[PDB]
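**Student:**
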Amino acid sequence: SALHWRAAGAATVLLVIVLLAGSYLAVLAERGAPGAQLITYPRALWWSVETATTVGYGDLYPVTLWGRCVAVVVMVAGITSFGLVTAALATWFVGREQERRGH
Amino acid sequence: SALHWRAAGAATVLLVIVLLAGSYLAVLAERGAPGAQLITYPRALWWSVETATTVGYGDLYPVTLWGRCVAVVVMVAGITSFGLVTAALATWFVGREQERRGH
Amino acid sequence: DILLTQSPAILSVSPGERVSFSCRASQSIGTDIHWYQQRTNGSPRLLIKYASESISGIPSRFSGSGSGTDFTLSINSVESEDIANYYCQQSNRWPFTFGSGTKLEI
Amino acid sequence: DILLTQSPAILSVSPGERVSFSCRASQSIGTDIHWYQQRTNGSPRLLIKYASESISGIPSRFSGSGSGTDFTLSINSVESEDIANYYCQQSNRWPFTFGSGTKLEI
Amino acid sequence: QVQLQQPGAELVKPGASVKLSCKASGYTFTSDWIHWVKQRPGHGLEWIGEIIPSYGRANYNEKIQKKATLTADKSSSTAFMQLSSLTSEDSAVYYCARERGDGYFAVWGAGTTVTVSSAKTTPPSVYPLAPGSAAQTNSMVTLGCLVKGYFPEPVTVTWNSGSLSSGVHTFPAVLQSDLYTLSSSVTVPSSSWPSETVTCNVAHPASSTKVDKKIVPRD
Ligand SMILES: CCCCCCCCCO
Ligand SMILES: CCCCCCCCCO
Ligand SMILES: [Rb+]
Ligand SMILES: [Rb+]
């Protein structure tokens, strides 16, 4: 279909991929660091979702350099993805409104 | 009226519904899990609002699988709703600006 | 699981005095503590909710205070009808739990 | 590093009773505690995961409870086959650690 | 009006099971949870479990051995607790309570006394306790009634259908040879008896019996 809509979809699939990969890499980067809690996959996936959405309750977070780098990628992917959906919705309302004004 | 504006309204009513349903389901999913605090409706509703807005102070959060799934739906509904209002405001400023330029 | 400690288990007070029941939680629970009164052969009765909130139908001489891990249930001018067992209950974390109870003796 | 205290180190119970093993963590670890059974000359065997979750192939008489820092492994109607050493293990914070263990004696 | 109605008693043979009921009334919301609490004689309140009627899910105290199974009937607003394979350790008073989803038990049921025993149900024999012929009286007179040979507990004793509450002492029962016995005391102004009737009412839920016994002066 239209670009903005295809990009929205792509952004969603790519976000899902980043969440999964991020959950995997977070554990890989955090184990070995005493005190770390982001060390099992199920909760790591929960952590990735709350980072991507930026809710960040604070029940889980990386304590190592690599874990934090993984976290930044997750945050940026989430922020970008959600922002790209907003823009797609804007491009949609703008076009429809152009019609309603017979332009 | 115009689409973007109607969608903005719809998004608001639908968000309110997700908050209420989310508050109800959060308690339902969390009770039974030792240590859980998202277990009474008044605070669960407060939790749903701070998840939808993504403030996520961290005073309350789900610890079970279903609670977290409920949380994701709340987050996505909030992020989408607020992003949809931004887009509606963009579609509004764009149209007005088209007028101010006599186009 | 949150442990609620009620000590002493028995309070001996004289008629008319102000008595105080203690309730200590094994961890911070805000103000999510509730108090119940159970007279001999009677069922429990809510007296105070959320550490200090009044309940309708309960004598004004009953009050509660505290937050965190330390809670107190007070009774101004105690009287014969106040003879009973007093229990605290927490609703901060699942599962809800009860204190061992404290008997009032005049 | 989380310390897991298992005391007493030995439990003497009579056949058929309900026995309870204690496990205390040096800090709050939610429900990230797991229990293992090791009979004489045998390798460890998972009994309970996450403080209370059943494992298939394990007698229903085994159960677990607790959260935070206090955990309990219970056995309803103990029997000869339950004679062994019992260990708790935490997976809340790296590195994973084990309790000193508790021997069951009938 | 009584928001939660529970049967007064249930006798159960070791190994057997019983289904306790709790009929609710008053306001009902989708957010209500019904709780069950166990209290053994002389001990504290122990939380058993909870259930949310509008959804049907139940949670149980993980620290104790599971003897209960909770269900609820929305149409009849009745919550049930199936206790199974009981032993003397399961004998206690079982209360049901309603929580509005906000953490506290706003209201409780009168409770159901559950007795696990092999003994048979036996309604009580109620006997009058009138003063003797040589007993001198003051401005007050003490009367009473003897309730013996009943099982299981409890019995509820009232005076003049409950209209007489002041000056009443109902002593705890004593068990002897699989039967309980107790007495209840009542004191009224001496000038008012026997001019004004005095009758004790004894209800024994376990046998679905309630008998009266007027107290008249000795022949
Ligand atoms: C995004 C950074 C690479 C993924 C993390 C690798 C960690 C390897 C162990 O130290
Ligand atoms: C959005 C997931 C469904 C709502 C939660 C249901 C929980 C049922 C109890 O386990
Ligand atoms: Rb945040
Ligand atoms: Rb936070």
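Residue numbers (the deposited numbering), protein chains in the order written: chain C, 22 to 124; chain C', 22 to 124; chain L, 1 to 106; chain L', 1 to 106; chain H, 1 to 219. A prime marks a further copy of an entry chain. Quick reminder that beta carbons are idealized off the backbone N, C-alpha and C, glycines included.
Output the residues surrounding ligand 2, defined as those with a CB atom closer than 7 Å to any ligand heavy atom, in chain order.
**Tutor:** These are the residues, in chain order, with a beta carbon less than 7 Å from any non-hydrogen atom of ligand 2: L46(C'), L49(C'), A50(C'), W87(C'), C90(C'), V91(C'), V94(C'), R57(H).
**Student:** Return the chain-ordered ranges of every beta strand (DSSP E) run that is complete within the stretch 82-125 of chain H and spans a minimum of 3 residues.
**Tutor:** 92-99, 105-108, 112-116
**Student:** Cβ of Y62(C') within 8 Å of Cβ of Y78(C)?
**Tutor:** Position 41 of the second sequence, counted from the first residue, corresponds to residue 62(C'). Position 57 of the first sequence, counted from the first residue, corresponds to residue 78(C). Taking 8 Å as the Cβ cut-off, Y62(C') and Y78(C) do not qualify as a contacting pair.
**Student:** Where in the stretch 18-44 of chain H do unbroken runs of the beta strand (DSSP E), each at least 3 residues long, occur, reported from the N-terminal end onward?
**Tutor:** 18-24, 33-39
**Student:** Are the C-beta atoms of residue 11(C') and some chain C residue less than 8 Å apart?
**Tutor:** This structure does not reach residue 11(C'), given that chain C' is present from 22 up to 124, and the question cannot be answered.
**Student:** Please compile the residues from chain C' whose C-beta is within a distance smaller than 8 Å of the C-beta of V93(C).
**Tutor:** Looking up residue 93(C) in the first sequence gives position 72. Result: empty, since nearest Cβ-Cβ is about 17 Å, beyond 8 Å.
**Student:** If you measure from each CB to the nearest heavy atom of ligand 3 and keep those under 7 Å, what residues do you get, in chain order?
**Tutor:** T75(C), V76(C), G77(C), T75(C'), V76(C'), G77(C')
**Student:** Would you list, in chain order, the members of the stretch 39-51 of chain H that have their beta-carbon closer than 9 Å to a beta-carbon of chain L?
**Tutor:** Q39, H43, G44, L45, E46, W47, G49, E50
**Student:** Less than 7 Å between the CB of residue 10(C) and some heavy atom of ligand 4, yes or no?
**Tutor:** Only positions 22 to 124 of chain C appear in this structure, which leaves residue 10(C) out of reach.
**Student:** Pick out whichever of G111(H), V198(H), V168(H), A9(H) has its Cα sitting closest to the Cα of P123(H).
**Tutor:** Position 123 of the fifth sequence holds residue 123(H). The shortest Cα separation from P123(H) among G111(H), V198(H), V168(H), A9(H) belongs to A9(H).
**Student:** Find the residues of chain L that neighbour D70(L'), judging by a C-beta separation of less than 9 Å, and give them in chain order.
**Tutor:** Translated into the one-based positions of the fourth sequence, residue 70(L') becomes position 70. Chain L residues near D70(L'): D1, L3, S26.
**Student:** Taking only the alpha-carbon atoms, compute the straight-line gap between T30(H) and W47(H) and give it to the nearest angstrom.
**Tutor:** Residue 30(H) sits at position 30 when you count from the first residue of the fifth sequence. Residue 47(H) sits at position 47 when you count from the first residue of the fifth sequence. Roughly 22 Å between the two C-alpha positions.
**Student:** Return the bridge partner residues of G66(L') from the DSSP annotation.
**Tutor:** One-based indexing of the fourth sequence puts residue 66(L') at position 66. Answer is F71(L'), bridged to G66(L').
**Student:** Closer than 8 Å, Cβ to Cβ, to anything on chain L: give me those residues from the stretch 40-67 of chain L', in chain order.
**Tutor:** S65, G66, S67
**Student:** Using the Cα positions of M96(C') and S52(L'), report the straight-line distance between them to the nearest angstrom.
**Tutor:** The residue given as residue 96(C') occupies position 75 in the second sequence. The residue given as residue 52(L') occupies position 52 in the fourth sequence. Answer to the nearest angstrom: the Cα atoms are 30 Å apart.
**Student:** Hey, is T85(C)'s beta-carbon within less than 8 Å of any beta-carbon in chain C'?
**Tutor:** Numbered from 1 along the first sequence, position 64 holds the residue referred to as residue 85(C). Output row for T85(C): interface = no.
**Student:** Quick one: list the residues of chain L neighbouring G56(C'), beta-carbon separation under 9 Å, in chain order.
**Tutor:** Indexing the second sequence from 1 puts residue 56(C') at position 35. Correct list: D1, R93, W94.
**Student:** Taking C-beta to C-beta, are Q90(L') and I2(L') nearer than 8 Å?
**Tutor:** Working through the fourth sequence from its first residue, we reach residue 90(L') at position 90. Working through the fourth sequence from its first residue, we reach residue 2(L') at position 2. It is a contact, given that the beta carbons lie within the stated cut-off.
**Student:** Look at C22(H) and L4(H) and say whether their C-beta atoms are less than 8 Å apart.
**Tutor:** Here residue 22(H) is taken as the residue at index 22 of the fifth sequence, counted from 1. Here residue 4(H) is taken as the residue at index 4 of the fifth sequence, counted from 1. Cβ distance < 8 Å, so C22(H) and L4(H) count as in contact.
**Student:** Please check the pair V126(H) and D90(H), which I expect to be a contact at CB under 8 Å, by giving their CB distance rounded to whole angstroms.
**Tutor:** For this step, residue 126(H) is matched to residue 126 along the fifth sequence. For this step, residue 90(H) is matched to residue 90 along the fifth sequence. Contact between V126(H) and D90(H) does not hold, since the beta-carbon distance rounds to 30 Å and is not under 8 Å.
**Student:** From this set, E50(H), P152(H), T137(H), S77(H), which residue's C-alpha is nearest residue 224(H)'s C-alpha?
**Tutor:** Nothing can be reported for residue 224(H): it is not among the residues displayed for chain H, which extend from 1 to 219.
**Student:** With a cut-off of 8 Å, do at least 3 Cβ pairs link the stretch 57-64 of chain L to the stretch 36-45 of chain L'?
**Tutor:** No, the stretch 57-64 of chain L is not in contact with the stretch 36-45 of chain L'.
**Student:** Would you tell me roughly how many angstroms separate the C-alpha atoms of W67(C') and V84(C'), rounded to the nearest one?
**Tutor:** Against the second sequence, residue 67(C') aligns to sequence position 46. Against the second sequence, residue 84(C') aligns to sequence position 63. Each residue's Cα considered, the two are about 17 Å apart.
**Student:** Count the other CB atoms, across all protein chains shown, that sit within 10 Å of the CB of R27(C'); report buried if there are 16 or more and exposed otherwise.
**Tutor:** Residue 27(C') sits at position 6 when you count from the first residue of the second sequence. The residue in question, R27(C'), is exposed, as its Cβ has fewer than 16 Cβ neighbours within 10 Å.
**Student:** In its own chain, which residues sit with a C-beta less than 8 Å from the C-beta of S76(H), not counting the 5 before and 5 after it?
**Tutor:** Position 76 of the fifth sequence, counted from the start, is the residue given in the question as residue 76(H). Once the five neighbours on either side are set aside, the close Cβ partners of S76(H) are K23.
**Student:** Does the beta carbon of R122(C') sit closer than 8 Å to a beta carbon anywhere in chain L?
**Tutor:** As a working note, residue 122(C') is residue 101 in the second sequence. No, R122(C') does not count as interfacial toward chain L.
**Student:** Just by C-beta distance, which residues in the stretch 97-111 of chain C' are closer than 8 Å to chain C?
**Tutor:** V97, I100, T101, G104, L105, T107, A108, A109, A111
**Student:** Enumerate in chain order the residues of its own chain whose CB-to-CB distance from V12(H) is below 6 Å, with the five nearest sequence positions on each side excluded.
**Tutor:** Indexing the fifth sequence from 1 puts residue 12(H) at position 12. Answer for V12(H): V18, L86, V116, listed in chain order.
**Student:** Taking just the CA atoms, how far does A65(C) sit from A108(C')?
**Tutor:** Here residue 108(C') refers to the residue found at position 87 when the second sequence is read from its first residue. Here residue 65(C) refers to the residue found at position 44 when the first sequence is read from its first residue. Between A108(C') and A65(C), the C-alpha separation is close to 32 Å.
**Student:** On the premise that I75(L) lies in contact with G64(L), defined as a C-beta separation below 8 Å, what is that separation, rounded to the nearest angstrom?
**Tutor:** If you number the third sequence from 1, residue 64(L) lands on position 64. If you number the third sequence from 1, residue 75(L) lands on position 75. Not a contact, Cβ separation roughly 10 Å.
**Student:** Per DSSP, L175(H) is paired with what?
**Tutor:** Position 175 of the fifth sequence holds residue 175(H). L175(H) is bridged to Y180(H).
**Student:** Taking only beta-carbon atoms, is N59(H) less than 8 Å away from chain C'?
**Tutor:** Counting from 1 along the fifth sequence, the entry for residue 59(H) is found at position 59. Chain C' contact via Cβ: present.
**Student:** Given this structure, state the Cα-to-Cα distance separating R18(L') from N85(L'), to the nearest angstrom.
**Tutor:** If you number the fourth sequence from 1, residue 18(L') lands on position 18. If you number the fourth sequence from 1, residue 85(L') lands on position 85. Answer to the nearest angstrom: the Cα atoms are 16 Å apart.
**Student:** Which word fits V186(H), buried or exposed, when buried means at least 16 other C-beta atoms lie within 10 angstroms of its C-beta?
**Tutor:** Along the fifth sequence, one-based indexing puts residue 186(H) at 186. Burial check for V186(H): the Cβ neighbour count within 10 Å reaches 16 or more, so the residue is buried.
**Student:** Could you tell me whether the Cβ of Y104(H) comes closer than 8 Å to any Cβ of chain L?
**Tutor:** In the fifth sequence, residue 104(H) corresponds to position 104, counting from 1. Closer than 8 Å to some Cβ of chain L, the Cβ of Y104(H) qualifies, so yes.
**Student:** In whole angstroms, what separates the C-alpha of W94(L) from that of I52(H)?
**Tutor:** On the third sequence, residue 94(L) is found 94 positions in, with the first residue counted as 1. On the fifth sequence, residue 52(H) is found 52 positions in, with the first residue counted as 1. About 15 Å.
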